[PDB]
$ cat my_file.cif   # mmCIF, C-alpha atoms
data_work
loop_
_atom_site.group_PDB
_atom_site.id
_atom_site.type_symbol
_atom_site.label_atom_id
_atom_site.label_comp_id
_atom_site.auth_asym_id
_atom_site.auth_seq_id
_atom_site.Cartn_x
_atom_site.Cartn_y
_atom_site.Cartn_z
ATOM 1 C CA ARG Q 329 -1.633 -15.393 -26.267
ATOM 2 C CA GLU Q 330 1.719 -13.796 -27.072
ATOM 3 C CA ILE Q 331 1.508 -10.148 -26.157
ATOM 4 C CA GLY Q 332 -0.104 -11.099 -22.819
ATOM 5 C CA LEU Q 333 -3.052 -8.734 -22.530
ATOM 6 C CA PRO Q 334 -5.870 -10.086 -20.423
ATOM 7 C CA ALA Q 335 -9.464 -10.423 -21.393
ATOM 8 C CA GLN Q 336 -11.387 -7.219 -21.661
ATOM 9 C CA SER Q 337 -13.022 -7.397 -18.235
ATOM 10 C CA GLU Q 338 -9.595 -7.834 -16.758
ATOM 11 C CA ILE Q 339 -7.945 -4.745 -18.259
ATOM 12 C CA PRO Q 340 -6.670 -2.620 -15.405
ATOM 13 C CA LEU Q 341 -8.075 0.705 -14.524
ATOM 14 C CA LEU Q 342 -5.567 2.313 -12.199
ATOM 15 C CA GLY Q 343 -5.974 5.834 -10.954
ATOM 16 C CA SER Q 344 -6.056 8.727 -13.285
ATOM 17 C CA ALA Q 345 -3.533 10.535 -15.462
ATOM 18 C CA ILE Q 346 -3.154 13.880 -17.068
ATOM 19 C CA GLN Q 347 -1.036 15.056 -19.934
ATOM 20 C CA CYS Q 348 0.129 18.572 -20.721
ATOM 21 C CA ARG Q 349 2.209 19.550 -23.671
ATOM 22 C CA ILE Q 350 4.780 22.183 -22.947
ATOM 23 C CA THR Q 351 5.508 24.282 -25.999
ATOM 24 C CA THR Q 352 7.182 27.543 -26.999
ATOM 25 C CA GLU Q 353 3.759 29.048 -27.671
ATOM 26 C CA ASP Q 354 3.807 32.497 -26.008
ATOM 27 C CA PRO Q 355 0.416 33.050 -24.398
ATOM 28 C CA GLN Q 356 0.956 36.845 -24.188
ATOM 29 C CA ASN Q 357 1.786 37.021 -27.850
ATOM 30 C CA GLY Q 358 -1.286 35.251 -29.202
ATOM 31 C CA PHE Q 359 0.320 31.873 -28.654
ATOM 32 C CA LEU Q 360 2.880 32.567 -31.261
ATOM 33 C CA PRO Q 361 5.613 30.070 -30.854
ATOM 34 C CA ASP Q 362 8.920 31.429 -29.858
ATOM 35 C CA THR Q 363 12.176 30.483 -31.483
ATOM 36 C CA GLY Q 364 15.844 30.700 -30.459
ATOM 37 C CA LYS Q 365 18.335 28.916 -28.252
ATOM 38 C CA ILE Q 366 17.513 27.122 -25.034
ATOM 39 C CA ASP Q 367 19.959 28.318 -22.334
ATOM 40 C CA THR Q 368 18.635 26.206 -19.495
ATOM 41 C CA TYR Q 369 16.541 23.056 -19.406
ATOM 42 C CA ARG Q 370 15.993 21.347 -16.011
ATOM 43 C CA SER Q 371 13.403 18.565 -16.026
ATOM 44 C CA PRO Q 372 11.539 17.457 -12.902
ATOM 45 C CA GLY Q 373 10.878 13.870 -11.810
ATOM 46 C CA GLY Q 374 9.527 11.989 -8.833
ATOM 47 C CA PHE Q 375 6.644 9.667 -8.085
ATOM 48 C CA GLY Q 376 3.747 9.997 -10.513
ATOM 49 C CA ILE Q 377 5.663 11.897 -13.162
ATOM 50 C CA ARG Q 378 6.305 10.825 -16.728
ATOM 51 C CA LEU Q 379 8.230 12.847 -19.300
ATOM 52 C CA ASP Q 380 8.370 12.245 -23.070
ATOM 53 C CA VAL Q 381 10.751 14.836 -24.424
ATOM 54 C CA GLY Q 382 10.668 16.465 -27.848
ATOM 55 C CA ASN Q 383 13.402 18.851 -28.727
ATOM 56 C CA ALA Q 384 14.570 20.505 -25.606
ATOM 57 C CA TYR Q 385 18.008 20.342 -24.155
ATOM 58 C CA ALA Q 386 20.524 22.996 -23.136
ATOM 59 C CA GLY Q 387 21.917 24.469 -26.376
ATOM 60 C CA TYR Q 388 19.193 23.399 -28.760
ATOM 61 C CA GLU Q 389 18.019 25.950 -31.246
ATOM 62 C CA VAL Q 390 14.296 26.007 -31.732
ATOM 63 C CA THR Q 391 13.594 26.660 -35.397
ATOM 64 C CA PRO Q 392 10.517 28.053 -36.984
ATOM 65 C CA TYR Q 393 10.034 24.957 -39.263
ATOM 66 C CA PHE Q 394 8.295 22.367 -37.102
ATOM 67 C CA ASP Q 395 5.907 22.217 -34.179
ATOM 68 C CA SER Q 396 6.685 24.044 -30.986
ATOM 69 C CA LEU Q 397 6.668 21.058 -28.593
ATOM 70 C CA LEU Q 398 9.430 20.916 -26.010
ATOM 71 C CA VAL Q 399 8.195 18.140 -23.721
ATOM 72 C CA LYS Q 400 5.071 16.165 -22.853
ATOM 73 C CA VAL Q 401 4.406 15.873 -19.172
ATOM 74 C CA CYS Q 402 2.135 13.274 -17.631
ATOM 75 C CA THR Q 403 1.124 12.867 -14.037
ATOM 76 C CA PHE Q 404 -0.530 9.872 -12.536
ATOM 77 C CA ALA Q 405 -2.033 9.111 -9.157
ATOM 78 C CA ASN Q 406 -4.622 7.067 -7.406
ATOM 79 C CA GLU Q 407 -6.818 10.089 -6.999
ATOM 80 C CA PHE Q 408 -7.478 12.660 -9.628
ATOM 81 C CA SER Q 409 -6.964 15.510 -7.203
ATOM 82 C CA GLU G 247 16.576 -3.379 -5.247
ATOM 83 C CA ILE G 248 13.448 -4.893 -6.682
ATOM 84 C CA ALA G 249 9.818 -5.165 -5.743
ATOM 85 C CA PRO G 250 8.044 -7.270 -5.033
ATOM 86 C CA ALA G 251 10.238 -10.247 -4.237
ATOM 87 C CA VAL G 252 9.395 -11.931 -7.571
ATOM 88 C CA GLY G 253 11.536 -15.002 -7.008
ATOM 89 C CA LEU G 254 9.676 -16.065 -3.848
ATOM 90 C CA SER G 255 6.216 -17.538 -3.588
ATOM 91 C CA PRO G 256 3.331 -15.184 -2.764
ATOM 92 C CA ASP G 257 2.354 -17.173 0.345
ATOM 93 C CA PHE G 258 5.829 -16.983 1.682
ATOM 94 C CA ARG G 259 6.142 -13.270 0.990
ATOM 95 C CA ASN G 260 2.834 -12.699 2.679
ATOM 96 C CA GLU G 261 4.039 -14.553 5.798
ATOM 97 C CA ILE G 262 7.057 -12.247 5.919
ATOM 98 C CA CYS G 263 4.864 -9.187 5.586
ATOM 99 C CA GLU G 264 2.612 -10.384 8.475
ATOM 100 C CA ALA G 265 5.584 -10.971 10.729
ATOM 101 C CA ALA G 266 6.689 -7.346 10.116
ATOM 102 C CA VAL G 267 3.211 -6.102 10.893
ATOM 103 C CA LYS G 268 2.983 -8.137 14.072
ATOM 104 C CA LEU G 269 6.175 -6.534 15.383
ATOM 105 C CA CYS G 270 5.069 -3.060 14.486
ATOM 106 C CA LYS G 271 1.616 -3.624 16.055
ATOM 107 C CA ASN G 272 3.210 -4.857 19.216
ATOM 108 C CA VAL G 273 5.166 -1.630 19.753
ATOM 109 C CA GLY G 274 2.611 0.775 18.329
ATOM 110 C CA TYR G 275 4.928 1.860 15.493
ATOM 111 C CA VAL G 276 4.035 5.272 14.044
ATOM 112 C CA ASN G 277 4.973 6.760 10.654
ATOM 113 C CA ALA G 278 7.038 5.023 7.975
ATOM 114 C CA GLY G 279 9.468 2.263 8.843
ATOM 115 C CA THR G 280 10.932 -0.894 7.402
ATOM 116 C CA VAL G 281 11.510 -4.354 8.847
ATOM 117 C CA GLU G 282 14.455 -6.234 7.465
ATOM 118 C CA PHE G 283 14.803 -10.012 7.358
ATOM 119 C CA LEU G 284 17.319 -12.554 6.100
ATOM 120 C CA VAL G 285 15.752 -15.383 4.197
ATOM 121 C CA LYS G 286 17.074 -18.895 3.591
ATOM 122 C CA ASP G 287 15.178 -21.970 2.322
ATOM 123 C CA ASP G 288 11.678 -20.910 3.235
ATOM 124 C CA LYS G 289 12.693 -19.665 6.726
ATOM 125 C CA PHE G 290 13.118 -15.987 7.653
ATOM 126 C CA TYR G 291 14.901 -14.188 10.441
ATOM 127 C CA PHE G 292 14.546 -10.666 11.777
ATOM 128 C CA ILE G 293 17.666 -8.538 11.627
ATOM 129 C CA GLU G 294 16.686 -4.872 12.042
ATOM 130 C CA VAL G 295 14.144 -2.115 11.803
ATOM 131 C CA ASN G 296 14.959 1.154 10.050
ATOM 132 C CA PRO G 297 12.709 3.635 11.647
ATOM 133 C CA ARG G 298 12.629 6.059 8.774
ATOM 134 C CA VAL G 299 12.068 6.186 5.053
ATOM 135 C CA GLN G 300 14.594 4.450 2.849
ATOM 136 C CA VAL G 301 16.290 5.181 -0.411
ATOM 137 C CA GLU G 302 14.447 2.289 -2.038
ATOM 138 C CA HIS G 303 10.947 3.423 -1.004
ATOM 139 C CA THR G 304 10.415 4.479 -4.634
ATOM 140 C CA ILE G 305 9.821 0.995 -5.928
ATOM 141 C CA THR G 306 7.176 0.287 -3.331
ATOM 142 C CA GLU G 307 5.348 3.452 -4.363
ATOM 143 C CA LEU G 308 5.312 2.251 -7.922
ATOM 144 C CA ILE G 309 3.918 -1.232 -7.254
ATOM 145 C CA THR G 310 1.305 0.007 -4.746
ATOM 146 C CA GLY G 311 0.251 3.416 -6.034
ATOM 147 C CA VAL G 312 0.861 4.712 -2.557
ATOM 148 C CA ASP G 313 2.838 7.946 -2.044
ATOM 149 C CA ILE G 314 4.898 7.089 0.991
ATOM 150 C CA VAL G 315 6.483 10.438 1.663
ATOM 151 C CA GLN G 316 3.135 12.224 1.491
ATOM 152 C CA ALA G 317 1.851 9.546 3.809
ATOM 153 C CA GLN G 318 4.639 10.285 6.307
ATOM 154 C CA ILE G 319 3.826 13.906 6.360
ATOM 155 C CA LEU G 320 0.081 13.319 6.679
ATOM 156 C CA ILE G 321 0.611 10.827 9.512
ATOM 157 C CA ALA G 322 2.715 13.429 11.320
ATOM 158 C CA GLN G 323 -0.195 15.810 10.935
ATOM 159 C CA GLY G 324 -2.275 13.299 12.966
ATOM 160 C CA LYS G 325 -4.253 11.798 10.081
ATOM 161 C CA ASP G 326 -5.879 8.377 9.842
ATOM 162 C CA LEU G 327 -4.428 6.144 7.139
ATOM 163 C CA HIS G 328 -7.782 4.940 5.975
ATOM 164 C CA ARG G 329 -10.131 7.746 6.708
ATOM 165 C CA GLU G 330 -8.184 10.823 5.631
ATOM 166 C CA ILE G 331 -5.135 9.641 3.788
ATOM 167 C CA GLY G 332 -7.311 7.183 1.779
ATOM 168 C CA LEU G 333 -5.432 3.899 1.982
ATOM 169 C CA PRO G 334 -7.567 0.811 1.695
ATOM 170 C CA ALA G 335 -7.553 -2.179 4.005
ATOM 171 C CA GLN G 336 -4.595 -4.503 3.926
ATOM 172 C CA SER G 337 -6.034 -7.139 1.564
ATOM 173 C CA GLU G 338 -6.988 -4.347 -0.875
ATOM 174 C CA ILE G 339 -3.479 -2.809 -1.109
ATOM 175 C CA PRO G 340 -2.600 -2.951 -4.808
ATOM 176 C CA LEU G 341 0.140 -5.088 -6.172
ATOM 177 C CA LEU G 342 0.910 -3.785 -9.659
ATOM 178 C CA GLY G 343 3.629 -5.434 -11.631
ATOM 179 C CA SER G 344 7.184 -5.001 -10.483
ATOM 180 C CA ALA G 345 9.840 -2.320 -10.181
ATOM 181 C CA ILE G 346 13.551 -2.010 -10.011
ATOM 182 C CA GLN G 347 15.790 0.730 -8.679
ATOM 183 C CA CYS G 348 19.405 1.462 -9.543
ATOM 184 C CA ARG G 349 21.495 4.220 -8.165
ATOM 185 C CA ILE G 350 23.733 5.904 -10.669
ATOM 186 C CA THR G 351 26.827 7.245 -8.979
ATOM 187 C CA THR G 352 30.305 8.596 -9.877
ATOM 188 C CA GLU G 353 31.816 5.413 -8.475
ATOM 189 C CA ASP G 354 34.380 4.246 -11.061
ATOM 190 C CA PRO G 355 34.154 0.448 -11.343
ATOM 191 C CA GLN G 356 37.607 0.239 -13.037
ATOM 192 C CA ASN G 357 39.199 2.187 -10.251
ATOM 193 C CA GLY G 358 37.915 0.138 -7.318
ATOM 194 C CA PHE G 359 34.594 2.027 -7.192
ATOM 195 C CA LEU G 360 36.405 5.171 -6.089
ATOM 196 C CA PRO G 361 34.000 8.072 -6.597
ATOM 197 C CA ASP G 362 35.050 10.418 -9.328
ATOM 198 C CA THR G 363 34.813 14.204 -8.850
ATOM 199 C CA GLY G 364 34.843 17.190 -11.162
ATOM 200 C CA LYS G 365 32.470 19.048 -13.440
ATOM 201 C CA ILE G 366 29.580 17.570 -15.334
ATOM 202 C CA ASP G 367 29.784 18.671 -18.978
ATOM 203 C CA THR G 368 26.704 16.848 -20.247
ATOM 204 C CA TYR G 369 23.659 15.450 -18.504
ATOM 205 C CA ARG G 370 20.807 14.088 -20.616
ATOM 206 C CA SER G 371 18.150 12.154 -18.702
ATOM 207 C CA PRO G 372 15.885 9.581 -20.363
ATOM 208 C CA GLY G 373 12.110 9.219 -19.851
ATOM 209 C CA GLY G 374 9.186 7.303 -21.308
ATOM 210 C CA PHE G 375 6.653 4.747 -20.083
ATOM 211 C CA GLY G 376 7.823 2.883 -17.011
ATOM 212 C CA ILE G 377 10.643 5.175 -16.098
ATOM 213 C CA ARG G 378 11.002 7.161 -12.909
ATOM 214 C CA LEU G 379 13.887 9.479 -12.034
ATOM 215 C CA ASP G 380 14.718 11.013 -8.680
ATOM 216 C CA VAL G 381 17.705 13.208 -9.280
ATOM 217 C CA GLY G 382 20.490 13.987 -6.815
ATOM 218 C CA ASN G 383 23.098 16.466 -7.866
ATOM 219 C CA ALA G 384 23.544 16.193 -11.534
ATOM 220 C CA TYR G 385 22.981 18.929 -14.029
ATOM 221 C CA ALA G 386 25.166 20.436 -16.771
ATOM 222 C CA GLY G 387 27.762 22.590 -14.983
ATOM 223 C CA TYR G 388 27.564 21.029 -11.540
ATOM 224 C CA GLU G 389 30.838 20.345 -9.790
ATOM 225 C CA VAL G 390 30.869 17.027 -7.948
ATOM 226 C CA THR G 391 32.833 17.577 -4.709
ATOM 227 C CA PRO G 392 34.543 14.992 -2.590
ATOM 228 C CA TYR G 393 32.557 15.903 0.562
ATOM 229 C CA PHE G 394 29.299 13.994 0.219
ATOM 230 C CA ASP G 395 28.002 10.803 -1.410
ATOM 231 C CA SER G 396 28.547 10.078 -5.058
ATOM 232 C CA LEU G 397 24.887 9.777 -6.139
ATOM 233 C CA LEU G 398 23.869 11.441 -9.347
ATOM 234 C CA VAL G 399 20.421 10.038 -9.968
ATOM 235 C CA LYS G 400 18.192 7.181 -8.904
ATOM 236 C CA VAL G 401 16.499 5.381 -11.717
ATOM 237 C CA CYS G 402 13.437 3.192 -11.334
ATOM 238 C CA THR G 403 11.657 1.141 -13.916
ATOM 239 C CA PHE G 404 8.284 -0.458 -13.598
ATOM 240 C CA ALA G 405 6.115 -2.713 -15.768
ATOM 241 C CA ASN G 406 3.480 -5.448 -15.605
ATOM 242 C CA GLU G 407 6.113 -8.121 -16.127
ATOM 243 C CA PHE G 408 9.464 -8.314 -14.416
ATOM 244 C CA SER G 409 11.223 -9.136 -17.644
ATOM 245 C CA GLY P 1 -5.331 7.617 19.498
ATOM 246 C CA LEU P 2 -3.639 10.759 20.943
ATOM 247 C CA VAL P 3 -2.439 13.347 18.446
ATOM 248 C CA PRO P 4 0.371 15.664 19.670
ATOM 249 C CA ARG P 5 -0.518 19.331 20.076
ATOM 250 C CA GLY P 6 0.795 21.484 17.200
ATOM 251 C CA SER P 7 0.332 18.803 14.521
ATOM 252 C CA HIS P 8 -1.152 21.292 12.004
ATOM 253 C CA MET P 9 1.490 22.310 9.355
ATOM 254 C CA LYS P 10 1.983 25.228 6.923
ATOM 255 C CA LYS P 11 5.780 24.944 6.486
ATOM 256 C CA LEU P 12 8.198 22.069 6.585
ATOM 257 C CA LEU P 13 12.044 21.941 6.741
ATOM 258 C CA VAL P 14 14.143 19.087 5.540
ATOM 259 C CA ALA P 15 17.184 18.344 7.691
ATOM 260 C CA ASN P 16 19.029 16.731 4.837
ATOM 261 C CA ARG P 17 20.308 17.362 1.309
ATOM 262 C CA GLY P 18 20.292 15.940 -2.156
ATOM 263 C CA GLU P 19 17.772 13.614 -3.695
ATOM 264 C CA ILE P 20 15.897 12.825 -0.508
ATOM 265 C CA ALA P 21 15.444 16.556 0.268
ATOM 266 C CA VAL P 22 14.113 17.160 -3.262
ATOM 267 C CA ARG P 23 11.820 14.104 -2.874
ATOM 268 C CA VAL P 24 10.385 15.552 0.374
ATOM 269 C CA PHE P 25 9.935 19.034 -1.088
ATOM 270 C CA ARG P 26 7.931 17.634 -3.952
ATOM 271 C CA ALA P 27 5.549 15.851 -1.561
ATOM 272 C CA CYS P 28 5.287 19.016 0.524
ATOM 273 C CA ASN P 29 4.390 21.175 -2.408
ATOM 274 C CA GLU P 30 1.783 18.667 -3.606
ATOM 275 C CA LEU P 31 0.314 18.875 -0.070
ATOM 276 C CA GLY P 32 0.205 22.671 -0.103
ATOM 277 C CA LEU P 33 3.099 23.097 2.396
ATOM 278 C CA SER P 34 5.909 25.582 1.998
ATOM 279 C CA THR P 35 9.402 24.257 2.307
ATOM 280 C CA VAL P 36 12.735 25.193 3.802
ATOM 281 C CA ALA P 37 16.164 23.798 2.893
ATOM 282 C CA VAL P 38 19.391 23.832 4.818
ATOM 283 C CA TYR P 39 22.827 23.682 3.137
ATOM 284 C CA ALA P 40 26.458 23.622 4.078
ATOM 285 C CA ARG P 41 28.704 26.242 2.347
ATOM 286 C CA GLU P 42 30.448 23.514 0.302
ATOM 287 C CA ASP P 43 27.070 22.116 -0.750
ATOM 288 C CA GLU P 44 25.896 25.495 -1.886
ATOM 289 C CA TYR P 45 25.359 24.410 -5.458
ATOM 290 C CA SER P 46 23.072 21.460 -4.473
ATOM 291 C CA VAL P 47 19.826 21.310 -6.420
ATOM 292 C CA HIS P 48 17.894 20.821 -3.174
ATOM 293 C CA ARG P 49 18.847 24.311 -2.063
ATOM 294 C CA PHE P 50 17.024 25.856 -5.032
ATOM 295 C CA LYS P 51 14.031 23.585 -4.905
ATOM 296 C CA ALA P 52 12.877 24.809 -1.497
ATOM 297 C CA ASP P 53 10.768 27.966 -1.090
ATOM 298 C CA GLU P 54 13.498 29.219 1.275
ATOM 299 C CA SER P 55 16.927 28.078 2.232
ATOM 300 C CA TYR P 56 19.493 28.854 4.873
ATOM 301 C CA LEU P 57 23.141 28.195 5.329
ATOM 302 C CA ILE P 58 23.996 26.076 8.272
ATOM 303 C CA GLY P 59 27.126 24.855 10.090
ATOM 304 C CA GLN P 60 29.226 27.945 9.350
ATOM 305 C CA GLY P 61 32.959 27.234 9.809
ATOM 306 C CA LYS P 62 32.484 23.463 10.207
ATOM 307 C CA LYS P 63 33.418 20.563 7.990
ATOM 308 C CA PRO P 64 30.604 19.859 5.588
ATOM 309 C CA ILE P 65 29.260 16.630 6.996
ATOM 310 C CA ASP P 66 29.441 18.048 10.533
ATOM 311 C CA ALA P 67 27.357 20.918 9.238
ATOM 312 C CA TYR P 68 24.498 18.514 8.377
ATOM 313 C CA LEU P 69 24.844 16.926 11.843
ATOM 314 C CA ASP P 70 24.628 20.350 13.591
ATOM 315 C CA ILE P 71 21.435 19.775 15.604
ATOM 316 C CA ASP P 72 21.258 23.199 17.251
ATOM 317 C CA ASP P 73 21.894 25.108 14.046
ATOM 318 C CA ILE P 74 19.168 23.174 12.137
ATOM 319 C CA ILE P 75 16.679 23.860 14.947
ATOM 320 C CA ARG P 76 17.747 27.531 14.871
ATOM 321 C CA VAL P 77 16.756 27.688 11.187
ATOM 322 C CA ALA P 78 13.402 25.898 11.727
ATOM 323 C CA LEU P 79 12.468 28.404 14.464
ATOM 324 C CA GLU P 80 13.693 31.489 12.599
ATOM 325 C CA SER P 81 11.902 30.467 9.428
ATOM 326 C CA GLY P 82 8.645 29.671 11.192
#
$ encode --input "my_file.cif" --output "structure tokens"
Amino acid sequence: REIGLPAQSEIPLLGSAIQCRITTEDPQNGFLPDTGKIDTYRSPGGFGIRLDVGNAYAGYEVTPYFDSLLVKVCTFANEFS
Amino acid sequence: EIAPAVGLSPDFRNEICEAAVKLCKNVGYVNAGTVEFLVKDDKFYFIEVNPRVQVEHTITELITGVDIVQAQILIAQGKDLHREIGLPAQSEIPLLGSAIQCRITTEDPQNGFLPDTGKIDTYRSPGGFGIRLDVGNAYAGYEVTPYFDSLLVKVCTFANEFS
Amino acid sequence: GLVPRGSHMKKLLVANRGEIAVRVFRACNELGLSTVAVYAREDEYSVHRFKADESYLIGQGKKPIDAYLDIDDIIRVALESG
């Protein structure tokens, strides 16, 4: 009534979407997350791209205290391929 | 720029779309193109065709799910819209919510929209649900020159409801 | 229903700069095509130059906008780059 969601049969189902989490986990060092300063951070965009950033920006010091997430990337398109 | 034309009735918008199609059918238009009309009190008048992609194509991609630039390239490869590129028939072309595009430039609105130049110290771009960015030249360290346009980034938003 | 000869693509070149060049490169890459950028000397720091798989200076010695309108030099790059 207020939030505006339709009835269950009417909930859209549009395309597909994928999410990857980009982290400092080093896959050649047993996925041990790296720490230190980020020199460069350039984020892509375009059609079908969604970014939900964690802590990543030029200058930011990744600490050993919390999780290693830099940014969550989602893609979406009509076709899964 | 917004999409679709949310302040006009869906019948009337559809009539405009058919007129554009009729013109393009008549000349056998190929690839992407846009037909521009002026509209006044439920009448509409042709003014131009832009026989190329446009800066505002982004918002149409968002409300249809169709990737227009990919489509252009696939058409130029000789592919069939329906058979190979995968677009449905006209009446099945999605219409998903609405979308808005702004261009963020170095135009200074307190200095008569004169485009500023110089070095970008800080550039932090937002994201989240319903946000699309197509960057121009903007990154930390980039020197904006006076030689080209003043565009930094195009921002689009999209959602089920216009508001 | 006539398709021009030579319509098959492996590599595409954008005769432009800036956001629209980056937008086209993204589509190309998603379609499995390699890409080629052109840039004027003064535009040499443009993001689009570094987003292509290859890039080439064009319009040497011209004013920068004239460089992007240099038809023969753009064609030269398309042919040289394959």
$ residues_around --input "my_file.cif" --residues "residue 345 of chain Q" --least-positions-apart "3" --cutoff "7 Å" --atoms "all atoms listed in the file" --output "short mmCIF file (atom, residue, chain, number, x, y, z; two decimals) with C-alpha atoms, keeping the file's coordinate frame"
data_model
loop_
_atom_site.label_atom_id
_atom_site.label_comp_id
_atom_site.auth_asym_id
_atom_site.auth_seq_id
_atom_site.Cartn_x
_atom_site.Cartn_y
_atom_site.Cartn_z
CA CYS Q 402 2.13 13.27 -17.63
CA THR Q 403 1.12 12.87 -14.04
CA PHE Q 404 -0.53 9.87 -12.54
CA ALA Q 405 -2.03 9.11 -9.16
#
$ interface_residues --input "my_file.cif" --of "chain Q" --to "chain P" --cutoff "12 Å" --atoms "all atoms listed in the file" --output "mmCIF file with C-alpha atoms, in the coordinates of the input"
data_model
loop_
_atom_site.group_PDB
_atom_site.id
_atom_site.type_symbol
_atom_site.label_atom_id
_atom_site.label_comp_id
_atom_site.auth_asym_id
_atom_site.auth_seq_id
_atom_site.Cartn_x
_atom_site.Cartn_y
_atom_site.Cartn_z
ATOM 1 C CA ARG Q 370 15.993 21.347 -16.011
ATOM 2 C CA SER Q 371 13.403 18.565 -16.026
ATOM 3 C CA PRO Q 372 11.539 17.457 -12.902
ATOM 4 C CA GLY Q 373 10.878 13.870 -11.810
ATOM 5 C CA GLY Q 374 9.527 11.989 -8.833
ATOM 6 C CA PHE Q 375 6.644 9.667 -8.085
ATOM 7 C CA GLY Q 376 3.747 9.997 -10.513
ATOM 8 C CA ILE Q 377 5.663 11.897 -13.162
ATOM 9 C CA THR Q 403 1.124 12.867 -14.037
ATOM 10 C CA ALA Q 405 -2.033 9.111 -9.157
ATOM 11 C CA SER Q 409 -6.964 15.510 -7.203
#
$ atom_distance --input "my_file.cif" --atom1 "atom CA of residue 272 of chain G" --atom2 "atom CA of residue 333 of chain G"
21.2 Å
$ closest_residue --input "my_file.cif" --among "P:11, P:4, P:66, P:29" --to "residue 79 of chain P" --atoms "all atoms listed in the file"
P:11
$ resolve_selection --input "my_file.cif" --expression "the PyMOL selection byres ((chain G) within 8 of (chain P))" --output "ChimeraX atom specification"
/G:301,315-316,319,322-324,380-383,388,393-394,399
$ atom_distance --input "my_file.cif" --atom1 "atom CA of residue 377 of chain G" --atom2 "atom CA of residue 363 of chain G"
26.8 Å
$ residues_around --input "my_file.cif" --residues "residue 339 of chain G" --least-positions-apart "6" --cutoff "12 Å" --atoms "all atoms listed in the file" --output "number ranges by chain"
Q: 406; G: 306-307, 309-312, 328, 332-333
$ residues_around --input "my_file.cif" --residues "residue 55 of chain P" --least-positions-apart "3" --cutoff "6 Å" --atoms "only C-alpha atoms" --output "PyMOL selection string"
chain P and resi 36-38
$ atom_distance --input "my_file.cif" --atom1 "atom CA of residue 407 of chain Q" --atom2 "atom CA of residue 340 of chain G"
13.9 Å
$ interface_residues --input "my_file.cif" --of "chain G" --to "chain Q" --cutoff "7 Å" --atoms "only C-alpha atoms" --output "PyMOL selection string"
chain G and resi 311+373-375+378-380
$ resolve_selection --input "my_file.cif" --expression "the PyMOL selection byres ((chain P and resi 75) around 12)" --output "PyMOL selection string"
chain P and resi 13-15+36+38+56+58-59+68-74+76-82
$ write_last_selection --input "my_file.cif" --atoms "C-alpha atoms" --output "PDB file, in the frame of the given file"
ATOM      1  CA  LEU P  13      12.044  21.941   6.741  1.00  0.00           C
ATOM      2  CA  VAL P  14      14.143  19.087   5.540  1.00  0.00           C
ATOM      3  CA  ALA P  15      17.184  18.344   7.691  1.00  0.00           C
ATOM      4  CA  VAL P  36      12.735  25.193   3.802  1.00  0.00           C
ATOM      5  CA  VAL P  38      19.391  23.832   4.818  1.00  0.00           C
ATOM      6  CA  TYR P  56      19.493  28.854   4.873  1.00  0.00           C
ATOM      7  CA  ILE P  58      23.996  26.076   8.272  1.00  0.00           C
ATOM      8  CA  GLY P  59      27.126  24.855  10.090  1.00  0.00           C
ATOM      9  CA  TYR P  68      24.498  18.514   8.377  1.00  0.00           C
ATOM     10  CA  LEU P  69      24.844  16.926  11.843  1.00  0.00           C
ATOM     11  CA  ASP P  70      24.628  20.350  13.591  1.00  0.00           C
ATOM     12  CA  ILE P  71      21.435  19.775  15.604  1.00  0.00           C
ATOM     13  CA  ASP P  72      21.258  23.199  17.251  1.00  0.00           C
ATOM     14  CA  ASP P  73      21.894  25.108  14.046  1.00  0.00           C
ATOM     15  CA  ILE P  74      19.168  23.174  12.137  1.00  0.00           C
ATOM     16  CA  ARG P  76      17.747  27.531  14.871  1.00  0.00           C
ATOM     17  CA  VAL P  77      16.756  27.688  11.187  1.00  0.00           C
ATOM     18  CA  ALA P  78      13.402  25.898  11.727  1.00  0.00           C
ATOM     19  CA  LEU P  79      12.468  28.404  14.464  1.00  0.00           C
ATOM     20  CA  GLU P  80      13.693  31.489  12.599  1.00  0.00           C
ATOM     21  CA  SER P  81      11.902  30.467   9.428  1.00  0.00           C
ATOM     22  CA  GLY P  82       8.645  29.671  11.192  1.00  0.00           C
TER      23      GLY P  82
END
$ resolve_selection --input "my_file.cif" --expression "the PyMOL selection byres ((chain G and resi 405) around 10)" --output "list in words"
residues 308, 309, 342, 343, 344, 345, 346, 375, 376, 377, 403, 404, 406, 407, 408 and 409 of chain G
$ axis_aligned_box --input "my_file.cif" --around "segment 339-352 of chain G" --padding-each-side "4 Å" --output "JSON"
{"center_x": 13.4, "center_y": 1.6, "center_z": -6.4, "size_x": 41.8, "size_y": 22.0, "size_z": 18.5}
$ residues_near_point --input "my_file.cif" --point "(12.6, -10.1, 12.2)" --cutoff "7 Å" --atoms "only C-alpha atoms" --output "PyMOL selection string"
chain G and resi 266+281-283+291-294
$ residues_near_point --input "my_file.cif" --point "(16.0, 4.1, -2.3)" --cutoff "9 Å" --atoms "all atoms listed in the file" --output "PyMOL selection string"
(chain G and resi 247+299-305+347-349+400) or (chain P and resi 20)
$ residues_around --input "my_file.cif" --residues "residue 390 of chain G" --least-positions-apart "5" --cutoff "9 Å" --atoms "all atoms listed in the file" --output "list in words"
residues 352, 362, 363, 364, 365, 366, 383, 384 and 396 of chain G
